[PDB]
Amino acid sequence: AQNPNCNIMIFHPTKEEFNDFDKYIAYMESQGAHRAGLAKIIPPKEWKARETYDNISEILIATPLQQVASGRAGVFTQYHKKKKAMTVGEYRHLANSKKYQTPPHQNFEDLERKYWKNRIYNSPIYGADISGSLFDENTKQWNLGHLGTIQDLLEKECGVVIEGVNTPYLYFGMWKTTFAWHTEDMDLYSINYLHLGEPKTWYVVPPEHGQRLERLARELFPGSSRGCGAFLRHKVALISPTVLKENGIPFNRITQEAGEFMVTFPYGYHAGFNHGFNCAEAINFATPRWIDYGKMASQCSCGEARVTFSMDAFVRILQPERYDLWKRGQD
Ligand SMILES: O=C(O)CNC(=O)C(=O)O
Ligand SMILES: [Mg+2]
Ligand code: NI
Ligand SMILES: [Zn+2]
């Protein structure tokens, strides 16, 4: 078995190898990459997502989110308070203000220490989940707006044609902006490209050990656990590496820099934070190997998780017994 310790693997495809996206995913899996839950892909040196980022300041962040924490430094939840709209140029200035800027630090490890020590005492503002793309239309390789759609994958594998579309999302971050512990909707893959700015640190649990994280989360968030049988689908809970190590949960960490891709694999729990002002683009995708994970994916039916139009068909076809109850949650 390849990669039996479930380490995060880093790949350096040549420009020739960067042509065929599906084939490269299947190659990474042949080397065991999926066992970690997360992989890094450094694009060939000839490749570019677009020519420059010089003209992005007029993109609108219609609903910036202020991420307010409750709990203790290593075990907390966050809620998102909606703020007034602002442009990316306004948000960048805010991120660089004395109130919100990255503190002085020695290296990524010192910054990580400061994040875990101090995150809860601040409320950074995140421009998340903005439909759109920063890939130039002429970029032919690994263009996250030109991938094969999950609806077409389901149709190719299972023969059933379904409604729904699959488009990317932009994320504008600042120091301490946080993504809570989660897997993707329907335990899909994700791919994330860091277009510009400061790094993003990731934490991940191997898929084969995801239920260990879930059991710890039920112990640490006991009221949330009683409220919903899949409350990590709310995307609000944080647990530090120190707490994970104290409780024997297997995980790995890695920092993504501008110009790098990350891939998350089905049922790979992940969480992380941004080091300073940045912009990422991400989208879900599927392969044949995903279908069995989609069939088994947990669902939130309490009503909190509230997700896309396109998830309907996935539940209806892959999880017909759950369909009924899950849709009660969504309406
Ligand atoms: O970048 C972020 O805030 C969160 N992204 C992801 O969870 C992802 O790409 O799967
Ligand atoms: Mg603009
Ligand atoms: Ni994710
Ligand atoms: Zn729920």
# chains A, B, ... in the order shown; residues from 1 in each chain; ligands from 1
>>> residues_near_ligand(ligand="ligand 2", cutoff="8 Å", atoms="only C-alpha atoms and all ligand atoms", output="VMD selection string")
chain A and resid 55 to 59 88
>>> residues_near_ligand(ligand="ligand 1", cutoff="7 Å", atoms="only C-alpha atoms and all ligand atoms", output="list in words")
residues 128, 171, 178, 179, 184, 190, 191, 192, 264, 270, 271, 280, 282 and 283 of chain A
>>> write_last_selection(atoms="N, CA, C and O atoms", output="PDB file, in the first residue's frame")
ATOM      1  N   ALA A 128     -15.503  35.610   1.794  1.00  0.00           N
ATOM      2  CA  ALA A 128     -15.706  34.202   1.388  1.00  0.00           C
ATOM      3  C   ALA A 128     -16.803  33.897   0.486  1.00  0.00           C
ATOM      4  O   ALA A 128     -17.846  34.573   0.445  1.00  0.00           O
ATOM      5  N   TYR A 171     -12.119  33.614  -2.474  1.00  0.00           N
ATOM      6  CA  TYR A 171     -11.944  33.834  -1.048  1.00  0.00           C
ATOM      7  C   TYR A 171     -10.915  34.911  -0.880  1.00  0.00           C
ATOM      8  O   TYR A 171      -9.768  34.654  -1.112  1.00  0.00           O
ATOM      9  N   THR A 178     -10.228  32.304   9.245  1.00  0.00           N
ATOM     10  CA  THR A 178     -10.241  30.929   9.649  1.00  0.00           C
ATOM     11  C   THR A 178     -11.246  30.092   8.886  1.00  0.00           C
ATOM     12  O   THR A 178     -12.396  30.516   8.735  1.00  0.00           O
ATOM     13  N   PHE A 179     -10.835  28.893   8.449  1.00  0.00           N
ATOM     14  CA  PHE A 179     -11.778  27.900   7.934  1.00  0.00           C
ATOM     15  C   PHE A 179     -11.873  26.756   8.972  1.00  0.00           C
ATOM     16  O   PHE A 179     -10.884  26.149   9.393  1.00  0.00           O
ATOM     17  N   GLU A 184     -15.935  18.286   2.431  1.00  0.00           N
ATOM     18  CA  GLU A 184     -16.754  18.941   1.415  1.00  0.00           C
ATOM     19  C   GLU A 184     -18.183  18.433   1.422  1.00  0.00           C
ATOM     20  O   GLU A 184     -18.452  17.336   1.867  1.00  0.00           O
ATOM     21  N   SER A 190     -11.996  18.823  -3.238  1.00  0.00           N
ATOM     22  CA  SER A 190     -11.855  20.224  -3.609  1.00  0.00           C
ATOM     23  C   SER A 190     -10.499  20.504  -4.157  1.00  0.00           C
ATOM     24  O   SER A 190      -9.549  19.758  -3.884  1.00  0.00           O
ATOM     25  N   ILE A 191     -10.387  21.549  -4.960  1.00  0.00           N
ATOM     26  CA  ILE A 191      -9.094  22.064  -5.426  1.00  0.00           C
ATOM     27  C   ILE A 191      -9.071  23.548  -5.160  1.00  0.00           C
ATOM     28  O   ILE A 191     -10.077  24.229  -5.409  1.00  0.00           O
ATOM     29  N   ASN A 192      -7.974  24.043  -4.620  1.00  0.00           N
ATOM     30  CA  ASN A 192      -7.808  25.406  -4.183  1.00  0.00           C
ATOM     31  C   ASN A 192      -6.534  25.962  -4.726  1.00  0.00           C
ATOM     32  O   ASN A 192      -5.446  25.379  -4.476  1.00  0.00           O
ATOM     33  N   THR A 264      -7.984  18.633  -1.758  1.00  0.00           N
ATOM     34  CA  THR A 264      -8.514  17.837  -0.671  1.00  0.00           C
ATOM     35  C   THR A 264      -9.286  16.658  -1.254  1.00  0.00           C
ATOM     36  O   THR A 264      -9.917  16.749  -2.318  1.00  0.00           O
ATOM     37  N   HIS A 270     -10.496  18.995   7.000  1.00  0.00           N
ATOM     38  CA  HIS A 270      -9.486  20.054   6.964  1.00  0.00           C
ATOM     39  C   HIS A 270      -9.982  21.328   7.608  1.00  0.00           C
ATOM     40  O   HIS A 270     -11.186  21.579   7.735  1.00  0.00           O
ATOM     41  N   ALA A 271      -9.004  22.142   8.065  1.00  0.00           N
ATOM     42  CA  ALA A 271      -9.213  23.411   8.762  1.00  0.00           C
ATOM     43  C   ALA A 271      -7.958  24.215   8.538  1.00  0.00           C
ATOM     44  O   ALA A 271      -6.902  23.662   8.100  1.00  0.00           O
ATOM     45  N   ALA A 280      -7.721  33.387  -2.790  1.00  0.00           N
ATOM     46  CA  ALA A 280      -7.769  31.994  -3.252  1.00  0.00           C
ATOM     47  C   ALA A 280      -8.991  31.740  -4.073  1.00  0.00           C
ATOM     48  O   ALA A 280     -10.050  32.411  -3.928  1.00  0.00           O
ATOM     49  N   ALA A 282     -11.464  28.297  -5.362  1.00  0.00           N
ATOM     50  CA  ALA A 282     -11.639  26.884  -5.104  1.00  0.00           C
ATOM     51  C   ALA A 282     -12.938  26.388  -5.708  1.00  0.00           C
ATOM     52  O   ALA A 282     -13.875  27.197  -5.943  1.00  0.00           O
ATOM     53  N   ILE A 283     -13.000  25.085  -5.978  1.00  0.00           N
ATOM     54  CA  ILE A 283     -14.148  24.454  -6.576  1.00  0.00           C
ATOM     55  C   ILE A 283     -14.139  23.009  -6.126  1.00  0.00           C
ATOM     56  O   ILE A 283     -13.081  22.383  -5.943  1.00  0.00           O
TER      57      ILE A 283
END
>>> select_by_dssp(residues="stretch 76-227 of chain A", states="strand (DSSP E)", output="MDAnalysis selection string")
chainID A and resid 76:82 86:87 125:131 169:173 178:182 189:197 200:205
>>> residues_around(residues="stretch 79-83 of chain A", least_positions_apart="5", cutoff="10 Å", atoms="only C-alpha atoms", output="list in words")
residues 61, 62, 63, 64, 65, 66, 67, 68, 69, 70, 123, 125, 126, 235, 236 and 237 of chain A
>>> write_last_selection(atoms="N, CA, C and O atoms", output="mmCIF file, in the first residue's frame")
data_model
loop_
_atom_site.group_PDB
_atom_site.id
_atom_site.type_symbol
_atom_site.label_atom_id
_atom_site.label_comp_id
_atom_site.auth_asym_id
_atom_site.auth_seq_id
_atom_site.Cartn_x
_atom_site.Cartn_y
_atom_site.Cartn_z
ATOM 1 N N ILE A 61 -16.984 42.457 -2.665
ATOM 2 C CA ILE A 61 -17.305 41.578 -1.619
ATOM 3 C C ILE A 61 -18.661 42.036 -1.034
ATOM 4 O O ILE A 61 -18.724 42.943 -0.183
ATOM 5 N N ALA A 62 -19.713 41.450 -1.553
ATOM 6 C CA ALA A 62 -21.088 41.937 -1.168
ATOM 7 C C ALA A 62 -21.417 41.720 0.310
ATOM 8 O O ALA A 62 -22.080 42.599 0.866
ATOM 9 N N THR A 63 -20.914 40.679 0.911
ATOM 10 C CA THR A 63 -21.273 40.361 2.319
ATOM 11 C C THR A 63 -19.975 39.853 3.031
ATOM 12 O O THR A 63 -19.784 38.627 3.217
ATOM 13 N N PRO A 64 -19.075 40.795 3.342
ATOM 14 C CA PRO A 64 -17.924 40.381 4.184
ATOM 15 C C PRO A 64 -18.355 39.804 5.496
ATOM 16 O O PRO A 64 -19.446 40.189 6.012
ATOM 17 N N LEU A 65 -17.647 38.798 6.021
ATOM 18 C CA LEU A 65 -18.076 38.107 7.244
ATOM 19 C C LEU A 65 -17.050 38.374 8.362
ATOM 20 O O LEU A 65 -15.888 37.985 8.228
ATOM 21 N N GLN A 66 -17.528 38.877 9.500
ATOM 22 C CA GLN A 66 -16.675 39.089 10.699
ATOM 23 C C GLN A 66 -16.759 37.821 11.518
ATOM 24 O O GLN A 66 -17.861 37.399 11.875
ATOM 25 N N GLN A 67 -15.637 37.168 11.748
ATOM 26 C CA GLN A 67 -15.595 35.860 12.351
ATOM 27 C C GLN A 67 -15.365 35.990 13.836
ATOM 28 O O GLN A 67 -14.230 36.081 14.309
ATOM 29 N N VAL A 68 -16.428 35.923 14.614
ATOM 30 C CA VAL A 68 -16.405 36.120 16.061
ATOM 31 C C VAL A 68 -16.312 34.794 16.776
ATOM 32 O O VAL A 68 -17.142 33.890 16.562
ATOM 33 N N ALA A 69 -15.305 34.635 17.640
ATOM 34 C CA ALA A 69 -15.067 33.355 18.342
ATOM 35 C C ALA A 69 -15.644 33.287 19.742
ATOM 36 O O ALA A 69 -15.763 34.340 20.401
ATOM 37 N N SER A 70 -15.975 32.070 20.146
ATOM 38 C CA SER A 70 -16.444 31.787 21.552
ATOM 39 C C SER A 70 -15.758 30.529 22.007
ATOM 40 O O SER A 70 -15.753 29.534 21.240
ATOM 41 N N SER A 123 -11.519 39.458 15.908
ATOM 42 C CA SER A 123 -12.567 39.094 14.957
ATOM 43 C C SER A 123 -12.216 39.562 13.553
ATOM 44 O O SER A 123 -12.695 40.594 13.076
ATOM 45 N N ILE A 125 -12.081 39.753 9.365
ATOM 46 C CA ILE A 125 -13.160 39.864 8.369
ATOM 47 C C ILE A 125 -12.737 39.095 7.155
ATOM 48 O O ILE A 125 -11.621 39.329 6.659
ATOM 49 N N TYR A 126 -13.612 38.151 6.693
ATOM 50 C CA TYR A 126 -13.333 37.175 5.572
ATOM 51 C C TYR A 126 -14.312 37.458 4.384
ATOM 52 O O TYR A 126 -15.516 37.650 4.604
ATOM 53 N N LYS A 235 -19.724 23.981 9.764
ATOM 54 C CA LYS A 235 -18.517 24.684 9.478
ATOM 55 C C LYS A 235 -18.252 25.821 10.440
ATOM 56 O O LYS A 235 -17.930 26.947 10.090
ATOM 57 N N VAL A 236 -18.326 25.524 11.738
ATOM 58 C CA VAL A 236 -18.118 26.481 12.826
ATOM 59 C C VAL A 236 -17.153 26.065 13.913
ATOM 60 O O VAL A 236 -16.806 26.923 14.725
ATOM 61 N N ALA A 237 -16.631 24.837 13.941
ATOM 62 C CA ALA A 237 -15.842 24.367 15.072
ATOM 63 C C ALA A 237 -14.358 24.269 14.757
ATOM 64 O O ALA A 237 -13.947 23.777 13.690
#
>>> residues_around(residues="stretch 208-212 of chain A", least_positions_apart="2", cutoff="9 Å", atoms="only C-alpha atoms", output="JSON list (two decimals) with N, CA, C and O atoms, in the first residue's frame")
[["chain", "number", "residue", "atom", "x", "y", "z"],
["A", 35, "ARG", "N", -4.39, 9.19, 0.72],
["A", 35, "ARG", "CA", -4.43, 8.71, 2.09],
["A", 35, "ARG", "C", -4.24, 9.80, 3.13],
["A", 35, "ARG", "O", -4.75, 9.68, 4.27],
["A", 36, "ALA", "N", -3.52, 10.88, 2.76],
["A", 36, "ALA", "CA", -3.35, 12.03, 3.68],
["A", 36, "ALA", "C", -4.60, 12.90, 3.84],
["A", 36, "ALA", "O", -4.76, 13.58, 4.86],
["A", 37, "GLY", "N", -5.47, 12.89, 2.83],
["A", 37, "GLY", "CA", -6.60, 13.81, 2.78],
["A", 37, "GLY", "C", -6.35, 15.10, 2.03],
["A", 37, "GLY", "O", -7.32, 15.84, 1.73],
["A", 205, "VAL", "N", -7.01, 15.63, 8.54],
["A", 205, "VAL", "CA", -7.09, 14.27, 9.11],
["A", 205, "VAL", "C", -7.21, 13.27, 8.00],
["A", 205, "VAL", "O", -8.04, 13.44, 7.09],
["A", 206, "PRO", "N", -6.38, 12.18, 7.95],
["A", 206, "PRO", "CA", -6.53, 11.17, 6.89],
["A", 206, "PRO", "C", -7.99, 10.66, 6.80],
["A", 206, "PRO", "O", -8.61, 10.41, 7.83],
["A", 214, "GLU", "N", -14.48, 13.06, 14.40],
["A", 214, "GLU", "CA", -15.89, 13.22, 14.74],
["A", 214, "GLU", "C", -16.17, 12.86, 16.20],
["A", 214, "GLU", "O", -16.91, 13.59, 16.88],
["A", 215, "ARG", "N", -15.60, 11.78, 16.66],
["A", 215, "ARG", "CA", -15.86, 11.38, 18.08],
["A", 215, "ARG", "C", -15.28, 12.42, 19.03],
["A", 215, "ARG", "O", -15.93, 12.81, 20.00],
["A", 216, "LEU", "N", -14.09, 12.95, 18.77],
["A", 216, "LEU", "CA", -13.55, 14.00, 19.60],
["A", 216, "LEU", "C", -14.44, 15.23, 19.56],
["A", 216, "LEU", "O", -14.67, 15.88, 20.60],
["A", 217, "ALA", "N", -14.87, 15.62, 18.36],
["A", 217, "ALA", "CA", -15.74, 16.77, 18.25],
["A", 217, "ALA", "C", -17.05, 16.64, 19.04],
["A", 217, "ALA", "O", -17.50, 17.62, 19.68],
["A", 248, "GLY", "N", -4.77, 12.17, 20.77],
["A", 248, "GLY", "CA", -4.31, 11.09, 19.89],
["A", 248, "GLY", "C", -4.91, 11.04, 18.52],
["A", 248, "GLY", "O", -4.99, 9.97, 17.89],
["A", 249, "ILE", "N", -5.40, 12.20, 18.03],
["A", 249, "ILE", "CA", -5.99, 12.21, 16.67],
["A", 249, "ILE", "C", -4.92, 12.37, 15.58],
["A", 249, "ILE", "O", -4.13, 13.28, 15.65],
["A", 250, "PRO", "N", -4.84, 11.45, 14.63],
["A", 250, "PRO", "CA", -3.90, 11.56, 13.56],
["A", 250, "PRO", "C", -4.18, 12.76, 12.65],
["A", 250, "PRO", "O", -5.33, 12.89, 12.22],
["A", 251, "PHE", "N", -3.17, 13.57, 12.39],
["A", 251, "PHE", "CA", -3.32, 14.72, 11.48],
["A", 251, "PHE", "C", -1.99, 15.14, 10.92],
["A", 251, "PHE", "O", -0.91, 14.73, 11.43],
["A", 267, "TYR", "N", -13.74, 12.88, 2.04],
["A", 267, "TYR", "CA", -13.82, 12.62, 3.46],
["A", 267, "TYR", "C", -12.48, 12.94, 4.17],
["A", 267, "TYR", "O", -12.22, 12.49, 5.29],
["A", 268, "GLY", "N", -11.70, 13.86, 3.62],
["A", 268, "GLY", "CA", -10.49, 14.43, 4.30],
["A", 268, "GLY", "C", -10.86, 15.70, 5.03],
["A", 268, "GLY", "O", -11.03, 16.77, 4.45],
["A", 269, "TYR", "N", -11.07, 15.56, 6.32],
["A", 269, "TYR", "CA", -11.37, 16.73, 7.21],
["A", 269, "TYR", "C", -10.24, 17.71, 7.14],
["A", 269, "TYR", "O", -9.07, 17.32, 7.30]]
>>> residues_around(residues="residue A:75", least_positions_apart="2", cutoff="8 Å", atoms="only C-alpha atoms", output="VMD selection string")
chain A and resid 71 to 73 77 220 237 to 240 243
>>> write_last_selection(atoms="C-alpha atoms", output="JSON list (two decimals), in the first residue's frame")
[["chain", "number", "residue", "atom", "x", "y", "z"],
["A", 71, "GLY", "CA", -14.74, 29.21, 23.76],
["A", 72, "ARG", "CA", -11.08, 28.65, 24.72],
["A", 73, "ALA", "CA", -7.97, 29.21, 22.68],
["A", 77, "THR", "CA", -16.59, 28.03, 17.65],
["A", 220, "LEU", "CA", -15.70, 18.83, 22.84],
["A", 237, "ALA", "CA", -15.84, 24.37, 15.07],
["A", 238, "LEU", "CA", -12.11, 24.74, 15.64],
["A", 239, "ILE", "CA", -9.75, 22.39, 17.49],
["A", 240, "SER", "CA", -5.99, 23.21, 17.74],
["A", 243, "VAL", "CA", -5.61, 19.53, 21.45]]
>>> residues_around(residues="residue A:152", least_positions_apart="6", cutoff="12 Å", atoms="only C-alpha atoms", output="VMD selection string")
chain A and resid 158 to 166 285 to 288 314
>>> closest_residue(among="A:253, A:182, A:233, A:93", to="ligand 3", atoms="only C-alpha atoms and all ligand atoms")
A:182
>>> residues_near_ligand(ligand="ligand 4", cutoff="12 Å", atoms="only C-alpha atoms and all ligand atoms", output="NGL selection string")
:A and (223-236 or 298-307 or 325-326 or 328-330)
>>> residues_around(residues="residue A:115", least_positions_apart="4", cutoff="12 Å", atoms="only C-alpha atoms", output="ChimeraX atom specification")
/A:73-74,102-103,105,108-111,119-122,124,175-178,200-201,240-241,272-276
>>> write_last_selection(atoms="N, CA, C and O atoms", output="short mmCIF file (atom, residue, chain, number, x, y, z; two decimals), in the first residue's frame")
data_model
loop_
_atom_site.label_atom_id
_atom_site.label_comp_id
_atom_site.auth_asym_id
_atom_site.auth_seq_id
_atom_site.Cartn_x
_atom_site.Cartn_y
_atom_site.Cartn_z
N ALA A 73 -8.92 28.97 23.77
CA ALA A 73 -7.97 29.21 22.68
C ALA A 73 -7.85 28.04 21.75
O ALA A 73 -7.72 28.31 20.52
N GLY A 74 -7.80 26.84 22.26
CA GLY A 74 -7.67 25.60 21.44
C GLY A 74 -8.94 24.91 21.04
O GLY A 74 -8.86 23.89 20.35
N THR A 102 -0.94 41.41 9.88
CA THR A 102 -0.12 40.33 10.44
C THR A 102 0.93 40.95 11.41
O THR A 102 1.57 41.97 11.02
N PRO A 103 1.12 40.38 12.56
CA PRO A 103 2.16 40.87 13.51
C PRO A 103 3.50 40.48 13.08
O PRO A 103 3.74 39.57 12.32
N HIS A 105 6.89 38.57 13.19
CA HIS A 105 7.08 37.15 13.45
C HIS A 105 8.39 36.67 12.85
O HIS A 105 8.85 37.22 11.88
N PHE A 108 7.13 30.81 9.80
CA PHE A 108 5.72 30.30 9.78
C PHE A 108 5.38 29.67 11.11
O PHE A 108 4.20 29.73 11.55
N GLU A 109 6.31 28.95 11.72
CA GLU A 109 6.04 28.32 13.01
C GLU A 109 5.73 29.30 14.14
O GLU A 109 4.79 29.07 14.98
N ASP A 110 6.45 30.43 14.18
CA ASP A 110 6.18 31.44 15.19
C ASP A 110 4.76 32.04 14.94
O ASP A 110 4.00 32.28 15.89
N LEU A 111 4.47 32.26 13.67
CA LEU A 111 3.16 32.81 13.33
C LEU A 111 2.02 31.83 13.73
O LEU A 111 0.96 32.28 14.22
N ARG A 119 -5.94 33.86 18.48
CA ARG A 119 -7.07 34.01 17.54
C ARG A 119 -8.39 34.45 18.17
O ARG A 119 -9.11 35.25 17.62
N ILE A 120 -8.71 33.80 19.29
CA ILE A 120 -10.03 34.03 19.86
C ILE A 120 -10.30 35.49 20.31
O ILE A 120 -11.46 35.90 20.42
N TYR A 121 -9.21 36.24 20.53
CA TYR A 121 -9.31 37.59 21.04
C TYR A 121 -9.52 38.64 19.99
O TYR A 121 -9.56 39.84 20.27
N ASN A 122 -9.64 38.20 18.72
CA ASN A 122 -9.84 39.10 17.63
C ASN A 122 -10.97 38.58 16.72
O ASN A 122 -11.35 37.37 16.79
N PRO A 124 -11.41 38.77 12.82
CA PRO A 124 -11.02 39.15 11.45
C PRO A 124 -12.21 39.06 10.48
O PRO A 124 -13.23 38.43 10.77
N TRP A 175 -5.08 38.28 7.95
CA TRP A 175 -4.55 37.63 9.15
C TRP A 175 -5.67 37.15 10.05
O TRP A 175 -6.60 37.84 10.37
N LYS A 176 -5.51 35.87 10.47
CA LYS A 176 -6.42 35.15 11.38
C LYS A 176 -7.73 34.69 10.77
O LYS A 176 -8.47 33.98 11.48
N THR A 177 -8.06 35.08 9.53
CA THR A 177 -9.30 34.51 8.94
C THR A 177 -9.12 33.00 8.95
O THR A 177 -8.03 32.42 8.67
N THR A 178 -10.23 32.30 9.24
CA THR A 178 -10.24 30.93 9.65
C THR A 178 -11.25 30.09 8.89
O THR A 178 -12.40 30.52 8.74
N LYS A 200 -1.46 30.39 3.40
CA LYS A 200 -2.60 29.74 4.06
C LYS A 200 -2.05 28.46 4.69
O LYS A 200 -1.48 27.61 3.97
N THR A 201 -2.21 28.30 6.01
CA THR A 201 -1.83 27.05 6.69
C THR A 201 -3.05 26.11 6.81
O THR A 201 -4.14 26.57 7.16
N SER A 240 -7.43 22.92 18.04
CA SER A 240 -5.99 23.21 17.74
C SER A 240 -5.18 22.00 17.57
O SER A 240 -5.55 20.93 18.04
N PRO A 241 -4.01 22.12 16.93
CA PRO A 241 -3.11 20.95 16.87
C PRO A 241 -2.69 20.39 18.23
O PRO A 241 -2.53 19.17 18.37
N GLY A 272 -8.01 25.52 8.75
CA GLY A 272 -6.80 26.32 8.61
C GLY A 272 -7.05 27.78 8.79
O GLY A 272 -8.10 28.26 9.21
N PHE A 273 -5.99 28.53 8.44
CA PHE A 273 -6.05 30.02 8.61
C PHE A 273 -5.14 30.75 7.65
O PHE A 273 -4.14 30.19 7.13
N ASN A 274 -5.43 31.99 7.39
CA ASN A 274 -4.62 32.83 6.50
C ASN A 274 -3.62 33.69 7.30
O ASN A 274 -3.89 34.12 8.42
N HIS A 275 -2.48 33.89 6.68
CA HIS A 275 -1.36 34.62 7.31
C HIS A 275 -1.47 36.10 7.11
O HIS A 275 -0.81 36.83 7.88
N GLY A 276 -2.24 36.60 6.20
CA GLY A 276 -2.33 38.01 5.85
C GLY A 276 -3.24 38.17 4.65
O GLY A 276 -3.90 37.16 4.24
#
>>> closest_residue(among="A:188, A:311, A:26, A:144", to="ligand 3", atoms="only C-alpha atoms and all ligand atoms")
A:188
>>> atom_distance(atom1="atom CA of residue A:221", atom2="atom CA of residue A:113")
23.2 Å
>>> closest_residue(among="A:277, A:21, A:265, A:323", to="ligand 3", atoms="only C-alpha atoms and all ligand atoms")
A:265
>>> select_by_dssp(residues="stretch 105-312 of chain A", states="alpha helix (DSSP H)", output="PyMOL selection string")
chain A and resi 108-118+150-158+210-220+222-227+241-246+290-296+311-312
>>> closest_residue(among="A:204, A:92, A:42, A:85", to="residue A:183", atoms="only C-alpha atoms")
A:204
>>> atom_distance(atom1="atom CA of residue A:170", atom2="atom CA of residue A:130")
4.9 Å
>>> closest_residue(among="A:297, A:8, A:194, A:186", to="residue A:258", atoms="only C-alpha atoms")
A:194
>>> atom_distance(atom1="atom CA of residue A:5", atom2="atom CA of residue A:252")
10.4 Å
>>> closest_residue(among="A:246, A:136, A:312, A:187", to="ligand 3", atoms="only C-alpha atoms and all ligand atoms")
A:187
